[PDB]
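Breakdown of the fold
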Number of protein chains: 2
Amino acid sequence: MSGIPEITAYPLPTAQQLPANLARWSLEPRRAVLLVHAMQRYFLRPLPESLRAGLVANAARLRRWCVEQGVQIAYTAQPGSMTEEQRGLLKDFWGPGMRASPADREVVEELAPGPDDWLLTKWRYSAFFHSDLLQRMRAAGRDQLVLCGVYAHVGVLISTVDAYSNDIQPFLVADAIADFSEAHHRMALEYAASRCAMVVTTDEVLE
Amino acid sequence: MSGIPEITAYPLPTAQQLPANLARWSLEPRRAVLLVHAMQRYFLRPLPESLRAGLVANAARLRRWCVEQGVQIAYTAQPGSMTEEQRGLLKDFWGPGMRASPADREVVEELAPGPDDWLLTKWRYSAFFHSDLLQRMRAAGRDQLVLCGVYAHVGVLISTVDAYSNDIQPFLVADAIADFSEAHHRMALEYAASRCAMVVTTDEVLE
Ligand SMILES: CCCCCCCCO[C@@H]1O[C@H](CO)[C@@H](O)[C@H](O)[C@H]1O
Ligand SMILES: CCCCCCCCO[C@@H]1O[C@H](CO)[C@@H](O)[C@H](O)[C@H]1O
Ligand SMILES: C=C(O[C@H]1C=CC=C(C(=O)O)[C@@H]1O)C(=O)O
Ligand SMILES: C=C(O[C@H]1C=CC=C(C(=O)O)[C@@H]1O)C(=O)O
């Protein structure tokens, strides 16, 4: 009862297909965190292999640049086997959710965390919710957030909104996210570019 | 430089045009708060009069039922004349924002707050952000939230998401909200019904 629908293959958007950004922010490595959002085996299994492959190749490219440039890396991941109390109203849309087993909860090996990277717990749509993401960013002097991962219109977008709300400038990497469908993905970008982030492609980040 | 686009008249959705709810929550007055979200003069002036009139008539109907049934009423409102620091990244999409003058910041008279109603400050998209909404709901023993107001896809939706995330069951009143366009409004409902709320009409609440 995952609540996650059948996902049909679609192309990741190119720079030419992105909506116009209304903001004018510019990414500075020294100010930034890369949020690798919910790239757990359980959340990537629903993706068709072509989409999975495109997503993980770009996120990996992105992560390597970030490490080379001194961008702080952060992963969010659900603990798995949430208690009823922990699960709360996620139950109603998404069932009991993934198990606390390596097969479900592991970050996929192509994005394997390194010793210096932050490991944050995901409870709800926003990566900041009941995590110490905000506190860590403040204590690290980092006020920009680069987002990649899944699902574009759900946790990725809501995390973007929350960062924005905390006066943290977000950069949503349009082809290093994936979603339930092309339309969901496109609408997440449209929302971001006009309401809370700079929408960019992986190449655009790498310059 | 409000950032608010020209809004063209459109009909509020009827029960038959609503997306299917995936949740099964049921509103109990004793558990609930009615959030009258950003119904300030400044935010309603961009609406064409037909849309304004439909919105305020349904919100008023809703508020009267809520009072008759013992539902706690709460208003959110921006202080106006935000400092640069207070305004933060809202500046980039929405300019300096409304003034701290009655002409901008007042709740519209058709929804005039009463002495028992909560007055909460709005800073960002989510009504909970830097307000004491959550704290008050917890201390009042209320764990359901009925939302009306503007703009459907921005603060109304993000507030709905935040309530949901705090295991507070939301009820989004589809024809007691308004938005930048019909498509924005419809997509907010689609999002809500499948991700964070029961979507209902004013009549459906009044039974
Ligand atoms: C910016 C993001 C915009 C998303 C607009 C609608 C998002 C919710 O879309 C929902 O997806 C479900 C499949 O998961 C469908 O079954 C629902 O009918 C549909 O409304
Ligand atoms: C669930 C809510 C879905 C909204 C999908 C897109 C929302 C943002 O829509 C934006 O509205 C602007 C006018 O304000 C347009 O100028 C932008 O081009 C458009 O992308
Ligand atoms: C990958 C996300 O997880 C959520 C979305 C679908 C299923 C979930 C679950 O089973 O818990 C999440 O709540 C995200 O927030 O985008
Ligand atoms: C009515 C809202 O205010 C926001 C939306 C547009 C302009 C705003 C402003 O000028 O501050 C808000 O940030 C809402 O969150 O939906």
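Residues numbered from 1 in each chain as written, not as in the entry; some residues may be left out. Chains lettered and ligands numbered in written order. Heavy atoms only, no water.

Its PDB header attributes the entry to X-ray crystallography and lists the resolution as 1.60 Å.

**A short note on the pairing of strand β4 (residues 144-150) of chain B**
Residue and element names in this part refer to chain B. Counting buried residues in β4 gives seven out of seven residues, a clear majority hidden from the surface. Direction of pairing for β4 relative to strand β5 (residues 169-178): parallel, over a ladder of six bridges. Bridge assignment links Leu145 to a residue of β5, and that residue is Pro170. (Buried < 20%, exposed > 50% of the residue type's maximum accessible area, 1.4 Å probe, protein only. Helix = DSSP H or I, 4+ residues; strand = E, 2+ residues; numbered from the N terminus. Pairing = 2+ DSSP bridges.)

**Looking at the sheet that holds strand β6 (residues 198-200) of chain A**
Residue and element names in this part refer to chain A. Strand order across the open sheet formed by six strands is β3-β2-β1-β4-β5-β6, with parallel pairing between neighbours. Strands with a single pairing partner mark the edges of an open sheet, and in this sheet they are β3 (118-121) and β6. Looking at each pair of strands side by side, their axes are set apart by 25° on average, direction ignored. Together, β1 (32-37), β2 (72-77), β4 (144-150) and β5 (169-178) form the strand contacts of helix α2 (residues 49-69), whose direction differs from that of β5 by roughly 140°. Packed onto the sheet, helix α8 (residues 182-195) meets β5 and β6 and runs at close to 170° relative to β5. (Axes fitted to C-alpha atoms, helices over the stretch in contact; angles between N-to-C directions. Contact = heavy atoms within 4.5 Å.)

**Topic: the site of ligand 3**
Residue and element names in this part refer to chain A. Neighbouring ligand 3 are 13 residues; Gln78, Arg87, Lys122, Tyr151 and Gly155 lie closest to it. Here an oxygen atom of ligand 3 and a backbone polar atom of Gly155 are 2.8 Å apart. When isolated, ligand 3 has an accessible area of 390 Å², and the protein chains bury 100% of it. For the shell around ligand 3, the class distribution of residues is eight nonpolar, three polar and two charged. (Near = heavy atom within 4 Å. Polar contact = N/O pair within 3.5 Å; in protein donor to acceptor, adjacent residues only side chain to side chain. Areas by Shrake-Rupley, 256 points an atom, 1.4 Å probe, with all protein chains shown as cover. Nonpolar A, V, L, I, M, F, W, Y, C, P; charged D, E, K, R; others polar.)

**Thoughts on the interface of chain A and chain B**
Facing the 33 residues of chain A at the interface are 33 residues of chain B. Interface of chain A and chain B: buried area, both sides summed, is about 2800 Å²; carbon and sulfur atoms make up 62% of it. Three residues stand out in chain A for area buried against chain B, namely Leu89(A), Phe93(A) and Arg195(A), and they jointly supply 27% of the buried area on that side. Summed over the shared surface of chain A and chain B, the result is two salt bridges. Taking the shortest distance from any N to any O, the salt bridge between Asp167(B) and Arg124(A) comes out at 3.1 Å. For the pair chain A and chain B, the interface holds 16 residue pairs in polar contact. Listed by contribution, the elements that provide at least two residues to the side of chain A that touches chain B are α4 (91-94), α7 (152-165) and α8 of chain A. In terms of residue count, the dominant contributor to the side of chain A that touches chain B is α8(A) (seven residues). (Buried area = accessible area lost by both parts, 1.4 Å probe. Salt bridge = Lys/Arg side-chain N within 4 Å of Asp/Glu carboxyl O.)

**What about the pattern of salt bridges?**
All names here are of chain A. Under the definition given, this model contains 26 salt bridges over all chains. Between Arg31 and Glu28 there is a salt bridge, with the nearest N and O atoms lying 2.9 Å from each other. With relative accessibility at 19%, the residue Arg31 sits in the buried group. The partly exposed category is assigned to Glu28, whose relative accessible area is 25%. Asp117 is the partner of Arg63 in a salt bridge, and the nearest nitrogen-oxygen pair spans 2.8 Å. You can see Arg63 sitting in helix α2 and its partner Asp117 sitting in the loop between α5 (102-105) and β3, a full 54 residues away along the chain. In this pair, the class of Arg63 matches that of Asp117, namely buried. Taken together, the salt bridges that share partners define one network made up of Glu28, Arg30, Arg31 and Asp143.

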